[PDB]
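Protein chains in written order, with the deposited numbering: chain K, 29 to 113; chain 7, 29 to 240; chain J, 1 to 41; chain B, 590 to 662; chain 3, 61 to 263; chain A, 12 to 751. Cβ atoms here follow ideal geometry from the backbone N, Cα and C, with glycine treated the same way. Read the structure below first, then the notes.
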Amino acid sequence: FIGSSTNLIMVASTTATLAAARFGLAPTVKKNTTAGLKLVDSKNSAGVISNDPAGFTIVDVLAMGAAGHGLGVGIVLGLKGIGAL
Amino acid sequence: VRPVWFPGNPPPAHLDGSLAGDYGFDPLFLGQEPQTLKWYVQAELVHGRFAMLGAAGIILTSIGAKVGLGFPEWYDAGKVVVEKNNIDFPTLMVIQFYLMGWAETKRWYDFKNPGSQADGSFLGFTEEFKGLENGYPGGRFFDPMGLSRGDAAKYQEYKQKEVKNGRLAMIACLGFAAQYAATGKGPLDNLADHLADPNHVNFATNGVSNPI
Amino acid sequence: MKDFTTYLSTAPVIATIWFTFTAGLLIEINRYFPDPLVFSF
Amino acid sequence: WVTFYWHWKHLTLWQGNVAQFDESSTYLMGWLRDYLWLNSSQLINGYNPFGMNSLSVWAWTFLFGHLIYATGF
Amino acid sequence: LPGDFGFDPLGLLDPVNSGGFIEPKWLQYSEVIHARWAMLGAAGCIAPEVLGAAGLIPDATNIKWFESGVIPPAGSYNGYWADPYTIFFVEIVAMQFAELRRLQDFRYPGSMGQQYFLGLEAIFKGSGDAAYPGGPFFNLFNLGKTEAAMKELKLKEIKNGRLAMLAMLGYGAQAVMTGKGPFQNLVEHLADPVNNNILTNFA
Amino acid sequence: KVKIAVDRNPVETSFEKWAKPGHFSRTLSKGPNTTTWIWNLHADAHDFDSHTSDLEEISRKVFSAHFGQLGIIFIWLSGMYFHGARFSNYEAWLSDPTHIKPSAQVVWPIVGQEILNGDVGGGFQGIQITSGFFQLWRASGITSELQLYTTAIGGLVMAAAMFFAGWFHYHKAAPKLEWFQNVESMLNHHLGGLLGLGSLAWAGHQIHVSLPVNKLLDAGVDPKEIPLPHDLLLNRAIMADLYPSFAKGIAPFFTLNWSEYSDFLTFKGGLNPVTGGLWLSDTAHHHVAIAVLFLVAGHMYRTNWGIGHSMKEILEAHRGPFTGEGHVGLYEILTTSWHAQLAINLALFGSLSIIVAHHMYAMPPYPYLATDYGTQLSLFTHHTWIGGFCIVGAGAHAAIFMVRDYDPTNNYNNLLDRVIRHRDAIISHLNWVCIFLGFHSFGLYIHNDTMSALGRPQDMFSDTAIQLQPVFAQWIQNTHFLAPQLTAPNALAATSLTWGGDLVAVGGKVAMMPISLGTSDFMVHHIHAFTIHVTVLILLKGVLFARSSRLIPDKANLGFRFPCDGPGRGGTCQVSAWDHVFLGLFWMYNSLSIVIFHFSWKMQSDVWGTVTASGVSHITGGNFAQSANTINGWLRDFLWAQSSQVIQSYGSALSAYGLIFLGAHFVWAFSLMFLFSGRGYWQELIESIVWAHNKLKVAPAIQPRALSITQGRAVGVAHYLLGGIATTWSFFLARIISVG
Ligand code: CLA
Ligand code: CLA
Ligand code: CLA
Ligand code: CLA
Ligand code: CLA
Ligand SMILES: CC1=C[C@H](O)CC(C)(C)[C@H]1/C=C/C(C)=C/C=C/C(C)=C/C=C/C=C(C)/C=C/C=C(C)/C=C/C1=C(C)C[C@H](O)CC1(C)C
Ligand code: SF4
């Protein structure tokens with residue numbers, strides 16, 4: 029089953045979300061979306077200690093992994109809902 | 029320190045150790061008032077004395093019952109003694125209330141007024157119905173051998189022994205009651221049954237004790 | 001324990017206890033002596 | 590009370606069964622069922638989806654009273 | 061203080077405005093107690109399988125750890141000297157004495173060397189700390205005898221305990237899913253690594 | 012930074028203050044001198060804002076009180092499961108649900124009450140229950156009385172846990188304020204944890220116990236031969252026998268191949284034709300989707316990490332041209348006041364209850380529920396009433412927030428301010444629409460009455476004469492009946508049978524049949540709309556005119572509860588918001604009485620009845636479309652015709668209802684003394700009787716005083732509601748237990 033079609037969609041969704049967050053696009057723990065979809069800094073965190081030039085956490089892994097899996101389940105069950113895959 | 033019923037907790041304030049069998053056991057604080065504690069002292073002593081006497085009765089009658097003498101077991105002796113001799117039940121109960129009421133009322137009004145019955149109202153008796161302490165009515169009738177007025181420290185030892193044996197007897201009679209309710213057989217029969225197979229005859233096998 | 005007894009000495013508690021006593025007494029009399037209408041005895 | 594009482598005693602007299610009064614007059618369900626409920630059968634049938642008869646005006650007054658009364662509250 | 065690894069993101073070791081059963085001097089004590097019971101239980105869950113596979117105990121035993129009689133639906137063993145209930149009453153009474161006295165040492169430190177307990181009194185004095193009593197019996201041999209070595213032994217106790225706790229959760233999860241022993245799982249996984257995993261055993 | 016903040020041992024534990032009644036307030040403490048002081052002791056017991064003036068202490072109080080409420084609920088549930096276990100005929104009911112009526116209460120053989128023990132079937136005697144626990148228990152899979160007894164013991168244990176928890180959190184570990192003021196963490200944990208994980212856990216229980224056991228019970232095997240549920244957990248192959256998807260285990264779930272779970276997670280629509288309830292596979296699928304939805308919704312707010320929303324930002328971003336500054340300042344209102352929260356939560360809670368009632372008659376979820384008529388009527392009626400009371404409570408506590416905790420300095424130009432600033436337009440138009448609906452909705456009935464009495468039935472509003480058709484509701488009815496073919500392609504049937512279609516009959520009786528809507532329905536619906544608008548008028552007027560009005564410019568300084576401001580300026584009786592709540596209670600009674608009458612008669616006329624294989628013979632023959640346009644129609648065909656069973660119940664096993672009927676009337680008429688009269692007269696009469704005691708030296712040293720004005724009114728409305736609702740209760744239960 030590994031290497032099949034749903035695998036590609038799930039890996040693609042998770043890599044897309046994680047690489048979008050780490051590369052300064054998606055809202056992370058540090059950077060926060062405003063009312064006008066603008067990236068501003070966050071306040072009152074837990075004071076994380078983790079080294080990454082973006083300022084990455086163990087929370088964005090969980091967050092963007094969860095978003096990746098929701099998005100991927102949506103896409104897979106949708107494409108199986110149509111009939112094309 | 030005194031030995032406490034629960035090593036580590038300090039004893040309550042109203043219990044000191046002047047009493048007999050004082051282990052500081054009172055979680056609900058039922059004896060906080062001194063008069064209430066005094067009354068409960070008398071209650072514990074009386075229950076203990078009837079319990080000791082009763083458990084001796086049960087054990088001796090059962091010993092006579094297992095060996096082939098023809099004694100009934102304690103849940104049957106009332107029926108067979110009332111039935112077998114001639115005795116009418118209610119007249120026996122009424123005479124019980126007569127005598128017990130007389131003596132017990134004397135005790136009650138000796139508690140209310142602590143030295144009142146030593147006046148001479150009863151037939152002629154003076155200072156043989158005067159109490160010694162709370163619940164220790166020692167005179168010529170109740171301490172005929174005369175142990176209370178000699179060897180005072182040894183007498184305190186006797187007080188301690190009385191209270192301990194009384195408490196043990198109270199829970200023993202509770203044992204007889206619940207044991208007969210569970211197994212439906214005589215108590216020393218249960219002792220021999222458990223003594224024959226200890227690992228497989230106990231409370232965890234009746235199916236009535238633990239319904240799991 | 002004194003304050004617990006005083007709490008038992010308040011009005012509604014004693015009303016509850018005493019009305020339970022009176023109600024139970026009448027109920028027992030009506031069980032053991034079923035259906036009394038007249039006294040004649 | 591006096592008029593309910595008089596009216597029912599004379600209804601049972603004029604119909605014929607004084608026994609109904611002397612039995613059902615001693616408990617309030619007797620009044621509610623045997624006076625208010627039984628005797629209001631021809632009243633509220635003063636008009637229906639099937640027709641109407643003489644006592645339609647009374648069967649309209651009978652509701653009129655309630656309306657005034659409830660406004661009174 | 062042992063085992064402090066800079067962890068705790070959820071913030072439970074804050075002394076400020078703390079109370080009840082969440083405080084530094086009870087959560088640490090709970091960690092060490094859980095660690096000790098977990099070490100003991102882990103070795104106990106493995107031992108019949110490894111001892112029976114090496115041929116040291118007979119085959120009446122060598123039963124899986126959830127089939128001892130803990131879960132009577134999953135399988136019991138007749139051959140104990142009594143019923144498991146008769147065992148359980150003994151367990152109640154003995155553990156009652158032990159755990160209850162331990163509690164009394166926590167609530168009133170040092171108060172376990174006064175009242176007569178068959179002369180066992182110099183043994184139950186405890187010490188300043190509550191999770192490391194010591195004495196002549198809890199510390200038979202004087203292990204370490206100093207301060208520079210004591211922290212090392214406490215730290216090793218903690219790390220082994222944490223490893224044991226994770227291991228015991230593993231035994232529970234595996235016994236739920238695949239329904240076999242832990243040593244059986246080690247044998248099966250060391251046989252075929254790619255063809256035996258957690259994801260192959262999704263059934 | 013959201014965290015735990017708890018204080019240690021704030022209030023010690025002693026009986027000392029139990030012997031000192033009225034210890035909580037400064038006014039009450041000094042001891043009685045009149046009999047007003049007793050009623051003041053009971054009136055201000057839970058007024059937690061009237062002991063102190065600090066938020067933290069009030070919050071701790073309400074927290075522990077919540078624990079007390081939960082504990083009593085657990086004692087109640089434990090009682091219900093115990094009485095089901097020991098004093099019922101549940102197993103005899105499982106053996107044959109039809110022809111054996113549910114009974115769960117047994118009375119003692121004393122003065123003659125033993126005639127109340129009815130012949131409920133199954134070799135048992137007792138009082139028929141309509142609470143419908145038996146259908147609930149069969150829906151959960153319970154087959155034995157032993158499991159009920161175990162559940163009872165568990166409930167009692169949880170109750171003791173709750174009371175201990177309350178004691179702990181008031182006396183030993185009491186939280187600080189800023190524990191409470193973290194509403195975002197509370198939202199996350201409630202939405203995720205409580206609702207979501209409860210749904211997920213209950214889905215688990217259904218899938219692993221309730222689906223297979225009910226599949227066997229509906230298959231026809233008697234309940235004893237059915238395997239115990241732990242055999243269903245432990246043995247996979249039995250589940251593989253029942254639903255073959257389980258033979259593949261949990262592999263389909265983790266590889267997104269969910270289509271293989273189509274055996275126990277379905278989407279079929281209507282009902283179980285052999286049972287009369289919903290399909291349990293739908294129910295399990297439903298809770299699974301609910302749990303996923305709520306667990307997704309629970310990660311919305313910011314607690315400790317950068318992700319998530321803030322409530323203040325969301326509120327302050329919404330402001331338009333017509334409303335000035337918008338929502339700026341509602342967060343400070345809704346985190347520092349408890350009465351505002353109680354208002355919102357009671358509102359949505361009560362409305363939720365009424366929706367529960369409606370869905371619960373329309374789509375019967377429990378097995379063998381729809382053919383037990385009494386259960387249907389009782390459940391709908393009960394939830395209707397609870398909803399009504401809760402909504403009136405919402406009105407009352409919104410008023411209390413208006414009086415006490417409103418500060419205009421923190422609240423300047425704002426939605427609340429602007430609502431206060433055009434209350435006159437609001438109330439005037441609400442008054443207009445109330446009068447409009449009044450004239451039309453009730454004058455239609457008066458007109459039909461007049462025309463039907465004047466000899467001309469051709470000039471009245473009916474189905475054959477001048478017609479008023481609810482075209483909108485009929486169109487929506489057809490839309491949803493057609494939905495499974497265009498706008499719901501994957502369902503096999505409609506969501507209910509009231510939208511149209513065929514008939515489901517269980518054991519000769521009708522589970523549900525399509526409901527038609529005619530002219531009588533039009534008129535009664537507008538009656539409902541009318542009474543609802545009137546109640547809204549009263550309550551909203553109370554809220555808006557709680558601080559001040561043109562009549563009284565300083566009504567705020569008199570407080571929430573006060574009787575008048577004298578006979579001056581004409582007379583100012585009943586100007587507090589409290590009296591608006593009072594009159595609101597009366598109108599709530601009226602509106603809900605009409606609602607439950609509508610339901611009862613409509614069901615008895617168009618839905619229920621027996622399938623005699625000669626068409627359908629309903630209970631009352633289907634007279635709703637012809638008679639529900641005349642007040643004479645209601646008074647005759649409903650009240651006079653349907654009371655024959657409650658008035659003739661004497662001598663049978665049903666006489667308790669025919670005896671509580673009259674008592675309900677008595678209390679209703681007893682309320683009128685308190686409503687009509689006034690306290691000066693009673694004060695003088697009580698004074699004369701006090702003289703008659705002064706003569707015989709039995710002067711009470713506490714002083715007899717008549718009730719205060721507000722208390723007299725409150726007692727009046729209490730007796731009024733009690734009598735009316737008890738009458739309706741007795742009537743409904745006697746009727747539908749007798750003929751249903
Ligand atoms: C339902 C409402 C509620 C709420 C909001 C709280 C909130 C709180 N309680 Mg509390 N409590 C409650 C109910 C509640 N409790 C009840 C019902 C009891 C009686 C059993 C207690 C007994 C209790 C004690 C004895 C203590 C608290 C403490 C606390 C505080 C810290 C809790 C914490 O972080 O521990 C985190 C919680 C855990 C690590 C435990 C999680 C595991 C347990 C078993 C709970 C599992 C719950 C879950 C629903 C079980 C599902 C069953 C399934 C697994 C089969 C906090 C103020 C503590 C405190 O004041 O310290 C500051 C404290 O000492 N509470
Ligand atoms: C997953 C965690 C969780 C859960 C399950 C709950 C559940 C509940 N909270 Mg709650 N709460 C939480 C987190 C949680 N809260 C947090 C984090 C906070 C702080 C911000 C609060 C603050 C809070 C307040 C201030 C109040 C509640 C209240 C309630 C109860 C609402 C009554 C109801 O309908 O329950 C339905 C009944 C049940 C579901 C019965 C199950 C009850 C058991 C005990 C499950 C409880 C789980 C427990 C909270 C976990 C800790 C246990 C403790 C031993 C450590 C409900 C039991 C209200 C209440 O009733 O107070 C008592 C209330 O006033 N909560
Ligand atoms: C939330 C509720 C819930 C719960 C409790 C369960 C529970 C279960 N489901 Mg399940 N299920 C659910 C919801 C739920 N499900 C839903 C919503 C669906 C629909 C998608 C399914 C669909 C489903 C299928 C299709 C199947 C199950 C199965 C199972 C069982 C085995 C799970 C498995 O294979 O291992 C999962 C592994 C675990 C859950 C790990 C457990 C870890 C343990 C508890 C830790 C203990 C450790 C501890 C230290 C031990 C102490 C040691 C010492 C003190 C003694 C298990 C009883 C399977 C089964 O047996 O069928 C009958 C199966 O075939 N379920
Ligand atoms: C059955 C008795 C009754 C009636 C008819 C009313 C009527 C009314 N109450 Mg009401 N009320 C009552 C009992 C009643 N109440 C009781 C017992 C209480 C105590 C709780 C209250 C408490 C109460 C409050 C607190 C409020 C009302 C309000 C209203 C008005 C609502 C508007 C409306 O429908 O008017 C329309 C009028 C009718 C439906 C009456 C019938 C009209 C007929 C059908 C047609 C009239 C034409 C006529 C025949 C022509 C006259 C000809 C003649 C001159 C010859 C209305 C005047 C509310 C209000 O005024 O605000 C809107 C309001 O706030 N009442
Ligand atoms: C149901 C209607 C009803 C009833 C029962 C009464 C009853 C009474 N009225 Mg009247 N009244 C009414 C309607 C009613 N009124 C109305 C509508 C008005 C117009 C405003 C008045 C105006 C009025 C005035 C102006 C006066 C009275 C007076 C009286 C008393 C007359 C003495 C008497 O008969 O004692 C019999 C008493 C009773 C039958 C009361 C019932 C007691 C019950 C049976 C006992 C409780 C049973 C049980 C323990 C309850 C348990 C429940 C538990 C939760 C507590 C009496 C209390 C006069 C008075 O007090 O003179 C002394 C007086 O001055 N009333
Ligand atoms: C750190 C942290 C941090 C943050 O802040 C927060 C959080 C996250 C919360 C945290 C975490 C936590 C955790 C993870 C925990 C875990 C735990 C566990 C697992 C335990 C176990 C635990 C476990 C345990 C005790 C166990 C034990 C066991 C035992 C004894 C056993 C026994 C036995 C044996 C021998 C064998 C036999 O045949 C059977 C029996 C008899 C049965
Ligand atoms: S005292 Fe009574 S009548 Fe007078 S104004 Fe006040 S409420 Fe009205």
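Contacts between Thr-233 (chain 7) and chain 3, judged by CB atoms closer than 9 angstroms, involve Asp-143, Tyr-145, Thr-146 in chain order. Interface residue (Cβ-Cβ distance to chain A less than 8 angstroms): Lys-66 (chain K) is not classified as such. DSSP places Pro-84 (chain 3) in the uninterrupted alpha helix (DSSP H) bounded by 84 to 113. A distance below 8 angstroms between beta-carbons, with the five flanking residues on each side excluded, links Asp-54 (chain 7) to the following residues of its chain, in chain order: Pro-40, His-42, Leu-43.
Note on geometry: alpha-carbon atoms of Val-92 (chain 3) and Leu-99 (chain K) lie some 42 angstroms from one another. For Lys-12 (chain A), the residues of chain K that pass the 7 angstroms Cβ criterion are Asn-72, in the order they occur in the chain.
Sequence-ordered contacts of the region 159 to 179 of chain 3 with chain A are nonexistent [C-beta pairs closer than 9 angstroms].
Looking at the backbone, the Cα of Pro-223 (chain A) and that of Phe-85 (chain A) are separated by about 29 angstroms. By the Cβ rule, the region 230 to 242 of chain A counts as touching the region 102 to 114 of chain A, because three or more pairs are nearer than 8 angstroms. Spatial neighbours of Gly-309 (chain A) in its own chain (CB-CB distance under 7 angstroms, excluding positions within 5 residues in sequence) are listed in chain order as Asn-199, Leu-202, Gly-203, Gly-207. The residue from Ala-184 (chain A), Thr-286 (chain A), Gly-177 (chain A), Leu-244 (chain A) with its alpha-carbon nearest to that of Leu-228 (chain A) is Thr-286 (chain A). Proximity of chain J to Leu-58 (chain 7) at the Cβ level (cut-off 9 angstroms) is accounted for by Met-1, in chain order.
Taking a C-beta distance under 8 angstroms as the contact criterion, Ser-741 (chain A) and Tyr-668 (chain A) qualify as a contact pair.
Counting along the chain, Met-413 (chain A) sits inside no beta strand (DSSP E), nor does DSSP assign it H or E at all. At a C-beta separation below 7 angstroms, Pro-69 (chain 3) has these neighbours in chain K: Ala-74.
Selection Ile-526 (chain A), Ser-70 (chain A), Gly-579 (chain A) evaluated against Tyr-181 (chain A) yields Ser-70 (chain A) as nearest (Cα-Cα). When DSSP states are grouped into helix, strand and coil, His-320 (chain A) belongs to the strand group. Under the Cβ criterion of 8 angstroms, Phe-21 (chain J) is not counted among the residues facing chain A. At a Cβ-Cβ threshold of 8 angstroms, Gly-361 (chain A) and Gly-406 (chain A) do not count as neighbours. Between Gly-511 (chain A) and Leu-528 (chain A), the alpha-carbon positions lie close to 11 angstroms from each other. Residues of the same chain with a CB within less than 6 angstroms of the CB of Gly-177 (chain A), apart from the 5 flanking positions on each side, are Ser-75, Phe-78, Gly-79 in chain order. Shortest Cα-Cα distance from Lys-214 (chain 3) to any of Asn-255 (chain 3), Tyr-176 (chain 3), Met-237 (chain 3), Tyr-192 (chain 3) involves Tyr-192 (chain 3). With a cutoff of 7 angstroms, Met-228 (chain 3) counts as near ligand 3, since its C-beta is closer than that to a heavy atom of the ligand. In its chain, beyond the 5 residues on either side, no residue has a beta carbon closer than 8 angstroms to the beta carbon of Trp-651 (chain A). Only those residues of the region 72 to 93 of chain 7 whose C-beta falls short of 7 angstroms from the nearest C-beta of chain J would be listed, and there are none.
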